[PDB]
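See below for input-v4.tsv, which holds TSV, C-alpha atoms and all ligand atoms.
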chain	number	residue	atom	x	y	z
R	1	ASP	CA	0.00	0.00	0.00
R	2	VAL	CA	1.12	3.56	-0.77
R	3	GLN	CA	-0.35	6.75	0.77
R	4	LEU	CA	0.01	10.12	-1.02
R	5	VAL	CA	-0.64	13.62	0.34
R	6	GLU	CA	-0.44	16.72	-1.90
R	7	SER	CA	0.14	20.26	-0.61
R	8	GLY	CA	1.25	23.68	-1.96
R	9	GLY	CA	-1.84	24.50	-4.00
R	10	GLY	CA	-4.14	27.49	-3.74
R	11	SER	CA	-5.07	30.76	-5.41
R	12	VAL	CA	-2.46	32.59	-7.46
R	13	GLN	CA	-2.40	35.63	-9.73
R	14	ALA	CA	-1.75	35.03	-13.50
R	15	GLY	CA	2.01	35.03	-14.16
R	16	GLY	CA	2.75	33.74	-10.65
R	17	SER	CA	4.21	30.48	-9.43
R	18	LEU	CA	3.30	27.60	-7.13
R	19	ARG	CA	5.33	24.64	-5.89
R	20	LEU	CA	3.31	21.51	-5.24
R	21	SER	CA	4.61	18.73	-2.97
R	22	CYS	CA	3.52	15.10	-2.74
R	23	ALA	CA	4.57	13.32	0.44
R	24	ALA	CA	4.55	9.55	-0.10
R	25	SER	CA	4.51	6.78	2.52
R	26	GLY	CA	4.20	3.00	2.60
R	27	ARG	CA	5.71	0.66	0.01
R	28	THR	CA	6.80	3.53	-2.27
R	29	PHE	CA	9.54	1.41	-3.88
R	30	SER	CA	6.85	-0.99	-5.29
R	31	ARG	CA	5.13	1.85	-7.27
R	32	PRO	CA	8.22	3.89	-8.11
R	33	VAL	CA	6.87	6.01	-10.99
R	34	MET	CA	5.50	9.21	-9.45
R	35	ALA	CA	3.25	11.21	-11.73
R	36	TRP	CA	1.43	14.51	-11.62
R	37	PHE	CA	-2.01	14.68	-13.19
R	38	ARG	CA	-4.50	17.56	-13.34
R	39	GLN	CA	-8.24	17.67	-13.90
R	40	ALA	CA	-10.00	20.90	-14.93
R	41	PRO	CA	-13.81	21.23	-14.39
R	42	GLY	CA	-15.75	18.97	-16.78
R	43	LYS	CA	-12.49	17.79	-18.39
R	44	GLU	CA	-10.70	14.41	-18.31
R	45	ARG	CA	-7.59	13.73	-16.14
R	46	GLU	CA	-4.52	15.05	-18.01
R	47	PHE	CA	-1.03	13.54	-17.55
R	48	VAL	CA	1.48	16.32	-16.73
R	49	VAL	CA	4.84	14.50	-16.24
R	50	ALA	CA	6.30	11.65	-14.19
R	51	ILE	CA	9.63	10.76	-12.55
R	52	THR	CA	11.05	7.59	-10.95
R	53	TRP	CA	12.25	7.86	-7.30
R	54	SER	CA	15.76	7.48	-8.87
R	55	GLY	CA	15.21	10.75	-10.80
R	56	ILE	CA	14.41	9.65	-14.38
R	57	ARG	CA	11.78	11.92	-15.95
R	58	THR	CA	9.29	11.29	-18.72
R	59	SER	CA	8.78	14.07	-21.30
R	60	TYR	CA	6.32	16.80	-20.20
R	61	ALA	CA	2.83	17.46	-21.60
R	62	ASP	CA	3.07	20.06	-24.45
R	63	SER	CA	0.67	22.34	-22.48
R	64	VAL	CA	3.27	22.81	-19.68
R	65	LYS	CA	6.62	22.74	-21.59
R	66	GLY	CA	9.06	25.43	-20.41
R	67	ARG	CA	6.86	26.28	-17.40
R	68	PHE	CA	6.55	23.22	-15.14
R	69	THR	CA	9.36	21.11	-13.63
R	70	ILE	CA	9.17	17.84	-11.71
R	71	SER	CA	11.82	16.88	-9.14
R	72	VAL	CA	12.28	14.43	-6.27
R	73	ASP	CA	13.79	14.29	-2.79
R	74	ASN	CA	14.17	10.49	-2.47
R	75	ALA	CA	15.47	10.77	1.14
R	76	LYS	CA	12.24	12.64	2.12
R	77	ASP	CA	9.92	10.41	-0.08
R	78	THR	CA	8.61	13.63	-1.65
R	79	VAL	CA	8.02	14.64	-5.30
R	80	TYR	CA	7.66	18.28	-6.35
R	81	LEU	CA	6.03	20.15	-9.21
R	82	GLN	CA	7.36	23.68	-9.80
R	83	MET	CA	4.67	25.60	-11.71
R	84	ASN	CA	5.74	28.88	-13.35
R	85	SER	CA	4.07	31.58	-15.56
R	86	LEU	CA	0.64	30.32	-14.52
R	87	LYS	CA	-2.43	31.15	-16.57
R	88	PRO	CA	-6.21	30.69	-16.00
R	89	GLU	CA	-6.11	27.55	-18.24
R	90	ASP	CA	-3.90	25.92	-15.53
R	91	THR	CA	-6.82	26.02	-13.00
R	92	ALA	CA	-7.50	22.37	-12.03
R	93	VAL	CA	-7.31	19.89	-9.14
R	94	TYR	CA	-3.71	18.56	-9.26
R	95	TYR	CA	-3.08	14.98	-8.19
R	96	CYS	CA	-0.03	12.94	-7.34
R	97	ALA	CA	-0.20	9.25	-8.41
R	98	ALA	CA	2.11	6.26	-7.86
R	99	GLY	CA	2.44	3.55	-10.50
R	100	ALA	CA	4.44	0.43	-11.27
R	101	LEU	CA	5.18	1.65	-14.87
R	102	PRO	CA	5.66	4.99	-16.68
R	103	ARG	CA	2.34	5.45	-18.48
R	104	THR	CA	0.26	8.49	-19.50
R	105	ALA	CA	-3.21	6.99	-18.83
R	106	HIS	CA	-4.67	7.76	-15.36
R	107	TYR	CA	-6.07	4.21	-15.13
R	108	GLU	CA	-2.49	2.78	-15.14
R	109	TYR	CA	-1.93	4.24	-11.59
R	110	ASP	CA	-3.47	2.42	-8.61
R	111	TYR	CA	-2.53	4.91	-5.83
R	112	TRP	CA	-3.67	8.53	-5.74
R	113	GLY	CA	-3.62	11.50	-3.45
R	114	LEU	CA	-6.88	13.36	-2.71
R	115	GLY	CA	-5.68	16.28	-4.87
R	116	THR	CA	-4.90	19.96	-4.30
R	117	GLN	CA	-6.91	22.76	-5.87
R	118	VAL	CA	-5.00	25.30	-7.99
R	119	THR	CA	-6.91	28.45	-9.03
R	120	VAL	CA	-5.25	30.98	-11.35
R	121	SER	CA	-7.09	34.29	-11.57
R	122	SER	CA	-7.04	36.37	-14.79
Y	1755	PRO	CA	30.67	-13.97	-36.16
Y	1756	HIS	CA	31.26	-16.91	-33.77
Y	1757	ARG	CA	29.59	-14.85	-30.95
Y	1758	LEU	CA	25.85	-15.73	-30.50
Y	1759	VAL	CA	24.16	-12.30	-30.11
Y	1760	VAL	CA	20.56	-11.34	-30.95
Y	1761	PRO	CA	19.21	-7.76	-30.51
Y	1762	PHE	CA	16.41	-7.95	-27.93
Y	1763	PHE	CA	14.68	-4.95	-29.66
Y	1764	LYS	CA	15.57	-2.79	-32.73
Y	1773	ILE	CA	5.85	-8.78	-41.54
Y	1774	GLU	CA	6.03	-11.26	-38.62
Y	1775	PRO	CA	4.22	-14.38	-37.33
Y	1776	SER	CA	1.36	-14.37	-34.87
Y	1777	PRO	CA	2.12	-14.92	-31.15
Y	1778	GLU	CA	0.37	-18.33	-31.59
Y	1779	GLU	CA	2.87	-19.33	-34.30
Y	1780	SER	CA	5.81	-17.97	-32.25
Y	1781	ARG	CA	4.68	-19.88	-29.12
Y	1782	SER	CA	4.23	-23.10	-31.13
Y	1783	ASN	CA	7.67	-22.72	-32.82
Y	1784	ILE	CA	9.26	-21.97	-29.42
Y	1785	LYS	CA	7.69	-25.12	-27.87
Y	1786	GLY	CA	9.15	-27.16	-30.76
Y	1787	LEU	CA	12.61	-25.57	-30.49
Y	1788	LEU	CA	12.72	-26.20	-26.71
Y	1789	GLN	CA	11.71	-29.88	-27.29
Y	1790	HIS	CA	14.51	-30.23	-29.89
Y	1791	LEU	CA	17.14	-28.66	-27.54
Y	1792	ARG	CA	15.96	-30.98	-24.73
Y	1793	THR	CA	16.33	-34.07	-27.02
Y	1794	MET	CA	19.65	-33.01	-28.70
Y	1807	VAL	CA	39.47	-23.12	-12.98
Y	1808	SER	CA	36.14	-23.68	-11.18
Y	1809	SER	CA	36.21	-20.07	-9.81
Y	1810	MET	CA	36.17	-18.40	-13.30
Y	1811	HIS	CA	32.77	-17.06	-14.52
Y	1812	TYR	CA	33.45	-17.77	-18.22
Y	1813	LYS	CA	29.82	-16.99	-19.20
Y	1814	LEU	CA	29.79	-13.49	-17.64
Y	1815	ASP	CA	33.25	-12.77	-19.15
Y	1816	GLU	CA	31.85	-13.55	-22.66
Y	1817	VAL	CA	28.81	-11.32	-21.96
Y	1818	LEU	CA	31.17	-8.48	-21.02
Y	1819	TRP	CA	33.29	-8.75	-24.23
Y	1820	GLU	CA	32.73	-5.03	-25.11
Y	1821	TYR	CA	33.72	-3.83	-21.62
Y	1822	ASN	CA	36.98	-3.74	-19.70
Y	1823	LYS	CA	36.35	-1.82	-16.45
Y	1824	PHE	CA	33.67	-1.10	-13.76
Y	1825	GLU	CA	33.92	0.75	-10.40
Y	1826	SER	CA	30.81	-0.14	-8.32
Y	1827	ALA	CA	28.83	-3.37	-8.73
Y	1828	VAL	CA	25.60	-4.79	-7.35
Y	1829	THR	CA	25.68	-8.63	-7.88
Y	1830	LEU	CA	22.39	-10.40	-7.03
Y	1831	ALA	CA	21.61	-14.16	-6.70
Y	1832	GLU	CA	25.37	-14.81	-6.97
Y	1833	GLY	CA	25.52	-18.38	-5.65
Y	1834	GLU	CA	29.20	-19.12	-4.93
Y	1835	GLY	CA	30.20	-15.59	-6.05
Y	1836	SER	CA	32.25	-16.29	-9.21
Y	1837	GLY	CA	30.64	-13.34	-11.00
Y	1838	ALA	CA	31.63	-10.97	-8.16
Y	1839	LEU	CA	35.17	-12.50	-8.23
Y	1840	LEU	CA	35.43	-11.82	-12.01
Y	1841	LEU	CA	34.25	-8.19	-11.61
Y	1842	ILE	CA	36.80	-7.53	-8.84
Y	1843	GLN	CA	39.81	-9.40	-10.32
Y	1844	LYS	CA	39.45	-8.66	-14.05
Y	1845	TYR	CA	37.17	-5.57	-14.22
Y	1846	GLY	CA	38.79	-3.67	-11.29
Y	1847	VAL	CA	35.58	-3.07	-9.28
Y	1848	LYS	CA	36.42	-1.20	-6.01
Y	1849	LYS	CA	33.02	-1.52	-4.30
Y	1850	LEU	CA	30.68	-4.49	-4.58
Y	1851	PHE	CA	27.42	-5.62	-2.99
Y	1852	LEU	CA	27.05	-9.40	-3.08
Y	1853	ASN	CA	23.71	-11.09	-2.56
Y	1854	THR	CA	23.43	-14.91	-2.47
Y	1855	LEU	CA	21.07	-17.63	-1.15
Y	1856	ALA	CA	24.10	-19.54	0.23
Y	1857	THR	CA	24.80	-19.00	3.94
Y	1858	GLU	CA	28.12	-20.00	5.57
Y	1859	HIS	CA	29.14	-22.01	8.66
Y	1860	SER	CA	29.84	-19.70	11.63
Y	1861	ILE	CA	33.25	-21.36	12.19
Y	1862	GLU	CA	34.84	-20.03	8.94
Y	1863	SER	CA	37.54	-17.56	9.97
Y	1864	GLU	CA	37.60	-14.94	7.19
Y	1865	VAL	CA	35.05	-12.15	7.54
Y	1866	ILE	CA	34.29	-8.79	5.86
Y	1867	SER	CA	32.53	-6.34	8.20
Y	1868	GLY	CA	31.40	-9.24	10.41
Y	1869	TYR	CA	29.95	-11.36	7.54
Y	1870	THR	CA	31.53	-14.67	6.47
Y	1871	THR	CA	33.51	-14.41	3.24
Y	1872	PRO	CA	32.32	-16.87	0.54
Y	1873	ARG	CA	35.05	-19.45	-0.24
Y	1874	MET	CA	35.35	-18.25	-3.87
Y	1875	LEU	CA	36.11	-14.68	-2.64
Y	1876	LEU	CA	38.98	-15.66	-0.29
Y	1877	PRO	CA	41.68	-14.57	-2.87
Y	1878	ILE	CA	40.44	-10.92	-2.67
Y	1879	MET	CA	40.75	-10.69	1.18
Y	1880	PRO	CA	44.20	-8.87	0.97
Y	1881	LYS	CA	42.56	-6.08	-1.17
Y	1882	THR	CA	39.99	-5.52	1.62
Y	1883	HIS	CA	42.84	-5.41	4.25
Y	1884	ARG	CA	44.76	-2.79	2.21
Y	1885	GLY	CA	41.59	-0.61	2.01
Y	1886	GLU	CA	41.50	-0.97	-1.80
Y	1887	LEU	CA	38.17	-2.89	-1.98
Y	1888	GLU	CA	34.84	-2.53	-0.22
Y	1889	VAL	CA	32.73	-5.75	-0.24
Y	1890	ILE	CA	29.23	-5.59	1.22
Y	1891	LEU	CA	27.97	-9.11	1.90
Y	1892	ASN	CA	24.27	-10.03	1.90
Y	1893	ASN	CA	24.65	-13.77	2.67
Y	1894	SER	CA	23.63	-13.90	6.35
Y	1895	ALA	CA	20.95	-15.95	8.12
Y	1896	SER	CA	20.19	-12.68	10.06
Y	1897	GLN	CA	19.20	-10.83	6.79
Y	1898	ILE	CA	16.69	-11.37	3.96
Y	1899	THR	CA	18.80	-12.93	1.15
Y	1900	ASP	CA	16.06	-13.98	-1.33
Y	1901	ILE	CA	15.61	-11.08	-3.82
Y	1902	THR	CA	12.15	-12.52	-4.73
Y	1903	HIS	CA	10.93	-11.84	-1.11
Y	1904	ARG	CA	8.68	-8.73	-1.08
Y	1905	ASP	CA	10.72	-7.19	1.81
Y	1906	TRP	CA	14.25	-7.93	0.47
Y	1907	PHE	CA	14.80	-4.44	-0.94
Y	1908	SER	CA	13.59	-2.70	2.26
Y	1909	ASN	CA	15.77	-5.01	4.38
Y	1910	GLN	CA	18.94	-4.27	2.38
Y	1911	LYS	CA	18.54	-0.87	0.68
Y	1912	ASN	CA	20.62	1.05	3.31
Y	1913	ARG	CA	23.56	-1.30	2.46
Y	1914	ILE	CA	23.21	-1.30	-1.36
Y	1915	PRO	CA	25.45	1.36	-2.92
Y	1916	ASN	CA	23.35	3.90	-4.85
Y	1917	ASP	CA	26.23	4.64	-7.35
Y	1918	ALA	CA	26.47	1.28	-9.17
Y	1919	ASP	CA	27.78	1.34	-12.72
Y	1920	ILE	CA	26.93	-2.38	-13.21
Y	1921	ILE	CA	24.09	-4.54	-11.85
Y	1922	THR	CA	24.07	-8.34	-12.41
Y	1923	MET	CA	21.40	-10.95	-11.51
Y	1924	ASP	CA	22.60	-14.56	-12.08
Y	1925	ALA	CA	19.87	-16.71	-10.54
Y	1926	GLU	CA	19.47	-20.26	-11.70
Y	1927	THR	CA	15.85	-21.49	-11.72
Y	1928	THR	CA	14.16	-24.59	-13.21
Y	1929	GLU	CA	13.14	-24.35	-16.90
Y	1930	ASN	CA	9.63	-22.92	-17.61
Y	1931	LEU	CA	9.52	-21.15	-14.21
Y	1932	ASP	CA	8.31	-17.50	-14.25
Y	1933	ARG	CA	11.38	-15.44	-13.29
Y	1934	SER	CA	9.50	-12.07	-13.21
Y	1935	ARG	CA	10.10	-11.55	-9.45
Y	1936	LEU	CA	13.91	-11.90	-9.94
Y	1937	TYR	CA	13.79	-9.25	-12.74
Y	1938	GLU	CA	11.50	-7.13	-10.49
Y	1939	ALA	CA	14.26	-6.86	-7.83
Y	1940	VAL	CA	16.53	-5.29	-10.52
Y	1941	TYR	CA	13.70	-2.98	-11.70
Y	1942	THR	CA	13.21	-1.88	-8.04
Y	1943	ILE	CA	16.90	-0.96	-7.73
Y	1944	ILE	CA	16.93	0.92	-11.05
Y	1945	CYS	CA	13.73	2.92	-10.29
Y	1946	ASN	CA	14.61	3.75	-6.66
Y	1947	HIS	CA	18.32	3.39	-5.95
Y	1948	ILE	CA	20.73	4.24	-8.79
Y	1949	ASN	CA	22.32	7.43	-10.01
Y	1950	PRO	CA	20.98	7.66	-13.59
Y	1951	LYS	CA	24.23	9.40	-14.62
Y	1952	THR	CA	26.44	6.47	-13.50
Y	1953	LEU	CA	24.54	3.20	-14.30
Y	1954	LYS	CA	26.10	1.75	-17.45
Y	1955	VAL	CA	25.32	-1.98	-17.71
Y	1956	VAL	CA	22.61	-4.34	-16.44
Y	1957	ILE	CA	23.18	-8.11	-16.98
Y	1958	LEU	CA	20.41	-10.63	-16.39
Y	1959	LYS	CA	20.63	-14.40	-16.68
Y	1960	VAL	CA	17.34	-15.33	-18.44
Y	1961	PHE	CA	15.66	-18.59	-19.52
Y	1962	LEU	CA	14.04	-18.50	-22.96
Y	1963	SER	CA	11.62	-21.29	-21.83
Y	1964	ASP	CA	10.10	-18.62	-19.48
Y	1965	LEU	CA	8.04	-16.50	-21.88
Y	1966	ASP	CA	6.13	-14.68	-19.10
Y	1967	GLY	CA	9.44	-13.46	-17.62
Y	1968	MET	CA	10.79	-12.46	-21.05
Y	1969	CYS	CA	7.61	-10.47	-21.76
Y	1970	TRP	CA	7.85	-8.90	-18.24
Y	1971	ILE	CA	11.40	-7.65	-19.14
Y	1972	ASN	CA	10.00	-6.27	-22.43
Y	1973	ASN	CA	7.25	-4.39	-20.55
Y	1974	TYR	CA	9.27	-3.11	-17.53
Y	1975	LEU	CA	13.07	-3.11	-17.96
Y	1976	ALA	CA	13.87	-3.02	-21.69
Y	1977	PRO	CA	12.06	0.36	-22.28
Y	1978	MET	CA	14.44	2.01	-19.77
Y	1979	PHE	CA	17.47	1.30	-22.04
Y	1980	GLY	CA	18.57	2.29	-25.52
Y	1981	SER	CA	20.37	-1.04	-26.17
Y	1982	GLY	CA	19.55	-4.64	-25.30
Y	1983	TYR	CA	21.16	-7.86	-26.57
Y	1984	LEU	CA	20.51	-11.54	-25.85
Y	1985	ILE	CA	23.84	-13.42	-25.70
Y	1986	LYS	CA	24.41	-17.18	-25.59
Y	1987	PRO	CA	28.00	-17.76	-24.39
Y	1988	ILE	CA	29.94	-20.66	-25.95
Y	1989	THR	CA	30.40	-21.86	-22.30
Y	1990	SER	CA	26.59	-21.99	-21.78
Y	1991	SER	CA	24.99	-25.43	-22.26
Y	1992	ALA	CA	23.65	-26.28	-25.74
Y	1993	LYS	CA	20.59	-27.99	-24.17
Y	1994	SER	CA	19.66	-25.26	-21.67
Y	1995	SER	CA	17.44	-22.28	-22.61
Y	1996	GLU	CA	19.78	-20.15	-20.41
Y	1997	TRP	CA	20.84	-16.90	-22.17
Y	1998	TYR	CA	22.06	-13.53	-20.86
Y	1999	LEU	CA	20.46	-10.16	-21.50
Y	2000	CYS	CA	22.85	-7.20	-21.63
Y	2001	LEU	CA	21.01	-3.84	-21.24
Y	2002	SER	CA	22.95	-0.58	-21.62
Y	2003	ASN	CA	22.52	3.14	-22.47
Y	2004	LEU	CA	19.98	4.00	-19.73
Y	2005	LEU	CA	17.67	6.57	-21.40
Y	2006	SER	CA	17.61	10.18	-20.15
Y	2007	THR	CA	13.86	10.44	-21.07
Y	2008	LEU	CA	11.69	7.74	-19.41
Y	2009	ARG	CA	9.63	6.05	-22.16
Y	2010	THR	CA	5.89	5.66	-21.56
Y	2011	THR	CA	5.62	2.79	-24.09
Y	2012	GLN	CA	7.56	-0.40	-24.84
Y	2013	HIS	CA	10.23	-0.59	-27.57
Y	2014	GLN	CA	8.23	-3.43	-29.21
Y	2015	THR	CA	5.00	-5.42	-28.88
Y	2016	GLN	CA	4.73	-8.76	-27.01
Y	2017	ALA	CA	4.39	-10.37	-30.50
Y	2018	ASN	CA	7.76	-8.81	-31.58
Y	2019	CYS	CA	9.32	-10.01	-28.26
Y	2020	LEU	CA	8.05	-13.59	-28.81
Y	2021	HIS	CA	9.47	-13.50	-32.38
Y	2022	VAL	CA	12.91	-12.42	-31.00
Y	2023	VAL	CA	12.83	-15.34	-28.53
Y	2024	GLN	CA	11.93	-17.74	-31.38
Y	2025	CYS	CA	14.84	-16.34	-33.50
Y	2026	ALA	CA	17.31	-16.74	-30.62
Y	2027	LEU	CA	16.20	-20.35	-30.04
Y	2028	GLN	CA	16.47	-21.06	-33.81
Y	2029	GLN	CA	20.08	-19.78	-33.72
Y	2030	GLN	CA	20.78	-21.96	-30.63
Y	2031	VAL	CA	19.36	-25.14	-32.33
Y	2032	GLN	CA	21.56	-24.36	-35.36
Y	2033	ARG	CA	24.73	-24.00	-33.15
Y	2034	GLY	CA	24.07	-27.16	-31.09
Y	2035	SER	CA	23.24	-29.25	-34.18
Y	2036	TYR	CA	26.57	-28.25	-35.80
Y	2037	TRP	CA	28.14	-29.35	-32.39
Y	2038	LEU	CA	29.88	-26.57	-30.50
Y	2039	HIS	CA	29.68	-25.93	-26.71
Y	2040	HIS	CA	32.85	-25.30	-24.62
Y	2041	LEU	CA	33.25	-26.53	-21.03
Y	2042	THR	CA	36.27	-28.92	-20.76
R	2101	CL	CL	-0.88	4.75	-20.93
R	2102	CL	CL	28.80	-21.17	-1.02
R	2103	CL	CL	19.29	-2.96	-29.07
R	2104	MG	MG	35.62	-7.71	-21.30
R	2105	MG	MG	27.56	-15.83	-10.24
R	2106	NA	NA	7.17	29.01	-6.18
R	2107	NA	NA	8.11	30.13	-17.29
R	2108	NA	NA	11.81	26.13	-13.99
R	2109	NA	NA	1.62	5.41	-21.85
R	2110	NA	NA	32.01	4.42	-7.27
R	2111	NA	NA	31.06	-20.15	0.10
R	2112	NA	NA	18.62	-13.86	-3.86
R	2113	NA	NA	22.81	1.43	-7.32
R	2114	NA	NA	4.46	-8.40	-18.27
R	2115	NA	NA	19.95	-1.41	-30.76
R	2116	NA	NA	0.12	0.67	-22.81
When written as structure tokens, how does the structure in this file appear?
Amino acid sequence: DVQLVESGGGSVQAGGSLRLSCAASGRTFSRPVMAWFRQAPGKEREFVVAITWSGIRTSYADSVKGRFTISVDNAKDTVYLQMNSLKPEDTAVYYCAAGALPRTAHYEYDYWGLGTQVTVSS
Amino acid sequence: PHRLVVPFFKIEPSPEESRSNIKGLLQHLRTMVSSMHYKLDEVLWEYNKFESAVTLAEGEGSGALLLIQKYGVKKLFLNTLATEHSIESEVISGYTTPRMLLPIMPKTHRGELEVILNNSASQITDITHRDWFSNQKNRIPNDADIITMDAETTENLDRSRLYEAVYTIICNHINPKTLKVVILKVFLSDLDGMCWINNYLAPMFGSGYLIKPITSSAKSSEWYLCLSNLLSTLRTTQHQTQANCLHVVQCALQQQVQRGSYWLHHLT
């Protein structure tokens, strides 16, 4: 079992930044691909990017290229998502997910955090 | 040319045809210095040096001995299912030195070699146990440039959990900038395990070759997989389909039947 807790979300002015954190606990090594997903109102869950606990990243979603960065503190069992130059289109619930394999589909991840709301005002 | 090497990944039969041909090839094969790891030395033909090794399911430890003596490894983690009698005198950090590793004891005394033994009755030593990695991770060096897994199992047995221990180390406990080579002993009679490698491990690397050493039995489906060039972008899809993987296994077994029929296998 793996437990995930996201933090660092909230309201932010357009152009601003946020840094999300995902604190993981349990058998983290058994689901070592840590991914960030986001879900905007009425929209499907969108893959953002993923990283192994060892620090190997997937490519980023085209919608966040040059703005978002994933990183990990393996010793703290925490994954981070640096979110820069935010725009209203980035408003969504952001989720941390743990998976056995690097995959873009949400259904390939069996452990999820409850999510953190991110609201970017115009 | 004389070297039996098949690319694992790089107009093909169905998986049903591949599985049937493989069953036939395995039936045909079936009907057809003791401290030197000749097989691993043939696998490592393109390499000459390593610094930090993680050797899993090592048995007597001949692979670890080869990496230290010939490849100049300075730090090595050795896992094996073989425990030792408490009365043996030579120890490394309180753990009994395997008999095969006794010639490297002077290197440890001169501070030139760090050996980390995982062969104790007081530790988990079976890499297929779900808690092995948690039990040993604080002792496994996180800077390995080579990882080997040499477990012998019966033919047809699913070896996925042995490969999973290596996948766990790669995804949690390596420096992606330093890992260069991953060597797995595989059995081509275990199609579930081969397909598991194709789904999990192979997509992490840019190169993968199946090698059948001349010193590996003509009748055994034992081969070695040499993975290298760990990718800087983590793929979210396999390099090839399960059908392509089954076809590669069939091709490797066809090349093995051809070698054995011509009569060539070195041992003594
Ligand atoms: Cl997917
Ligand atoms: Cl022994
Ligand atoms: Cl290749
Ligand atoms: Mg060599
Ligand atoms: Mg060995
Ligand atoms: Na920030
Ligand atoms: Na930016
Ligand atoms: Na940045
Ligand atoms: Na995918
Ligand atoms: Na080193
Ligand atoms: Na021994
Ligand atoms: Na083992
Ligand atoms: Na390592
Ligand atoms: Na599989
Ligand atoms: Na290749
Ligand atoms: Na898929």
With a cut-off of 6 Å and counting only C-alpha atoms, select all residues of chain Y in contact with chain R and give the selection as a tab-separated table (two decimals) with C-alpha atoms, in the coordinates of the input.
chain	number	residue	atom	x	y	z
Y	1945	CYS	CA	13.73	2.92	-10.29
Y	1946	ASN	CA	14.61	3.75	-6.66
Y	1947	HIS	CA	18.32	3.39	-5.95
Y	1948	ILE	CA	20.73	4.24	-8.79
Y	2007	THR	CA	13.86	10.44	-21.07
Y	2008	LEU	CA	11.69	7.74	-19.41
Y	2010	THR	CA	5.89	5.66	-21.56
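Distances from Y:1915, Y:1775, Y:1877, Y:1786 to ligand NA 2110 (chain R) were compared using all atoms listed in the file, and the smallest one belongs to Y:1915.
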message: Around (10.2, -18.9, -25.1), as given in the file, which residues come within 8 Å? Count all atoms listed in the file and list them as a PyMOL selection string.
response: chain Y and resi 1781+1784-1785+1788+1961-1965+1968+2020+2023-2024+2027
- prompt: Within 12 Å of ligand NA 2116 (chain R), counting only C-alpha atoms and all ligand atoms: which residues, as number ranges by chain?
  reply: R: 101-109; Y: 1973-1974, 1977, 2009-2016
task: Just the residues within 10 Å of range 83-89 of chain R, please, counting only C-alpha atoms, with nothing from its chain fewer than 6 positions along; format it as a PyMOL selection string.
output: chain R and resi 12-20+40+63-64+66-70+118-122
Close residues to ligand NA 2110 (chain R) using only C-alpha atoms and all ligand atoms, limit 6 Å, as a VMD selection string: chain Y and resid 1825 to 1826 1917
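Reported to one decimal place, the separation of CA of residue 1940 in chain Y from CA of residue 2 in chain R is 20.3 Å.
Distance-wise, CA of residue 46 in chain R and CA of residue 1969 in chain Y end up 28.5 Å apart.
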- request: Find the residues near residue 1808 in chain Y: any atom within 9 Å, counting all atoms listed in the file, skip ones fewer than 2 places away on the same chain, and give them as number ranges by chain.
  value: Y: 1810-1811, 1836
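Considering the residues Y:1889, Y:2017, Y:1876, Y:2041 and counting only C-alpha atoms and all ligand atoms, ligand CL 2102 (chain R) has its shortest atom-to-atom contact with Y:1876.
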Reconstructed range 1901-1911 of chain Y, atom set N, CA and C atoms, as a short mmCIF file (atom, residue, chain, number, x, y, z; two decimals), in the coordinates of the input:
data_model
loop_
_atom_site.label_atom_id
_atom_site.label_comp_id
_atom_site.auth_asym_id
_atom_site.auth_seq_id
_atom_site.Cartn_x
_atom_site.Cartn_y
_atom_site.Cartn_z
N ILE Y 1901 16.08 -12.30 -3.14
CA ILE Y 1901 15.61 -11.08 -3.82
C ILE Y 1901 14.15 -11.18 -4.28
N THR Y 1902 13.57 -12.40 -4.36
CA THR Y 1902 12.15 -12.52 -4.73
C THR Y 1902 11.22 -12.25 -3.52
N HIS Y 1903 11.76 -12.14 -2.29
CA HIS Y 1903 10.93 -11.84 -1.11
C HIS Y 1903 10.51 -10.37 -1.20
N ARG Y 1904 9.22 -10.09 -0.96
CA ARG Y 1904 8.68 -8.73 -1.08
C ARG Y 1904 9.36 -7.68 -0.17
N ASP Y 1905 10.03 -8.11 0.91
CA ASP Y 1905 10.72 -7.19 1.81
C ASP Y 1905 12.24 -7.18 1.65
N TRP Y 1906 12.79 -7.90 0.64
CA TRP Y 1906 14.25 -7.93 0.47
C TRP Y 1906 14.85 -6.53 0.29
N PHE Y 1907 14.29 -5.76 -0.65
CA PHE Y 1907 14.80 -4.44 -0.94
C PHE Y 1907 14.77 -3.52 0.29
N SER Y 1908 13.67 -3.51 1.04
CA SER Y 1908 13.59 -2.70 2.26
C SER Y 1908 14.62 -3.15 3.30
N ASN Y 1909 14.83 -4.46 3.41
CA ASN Y 1909 15.77 -5.01 4.38
C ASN Y 1909 17.20 -4.58 4.06
N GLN Y 1910 17.56 -4.54 2.77
CA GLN Y 1910 18.94 -4.27 2.38
C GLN Y 1910 19.26 -2.93 1.76
N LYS Y 1911 18.27 -2.11 1.43
CA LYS Y 1911 18.54 -0.87 0.68
C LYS Y 1911 19.56 0.07 1.33
#
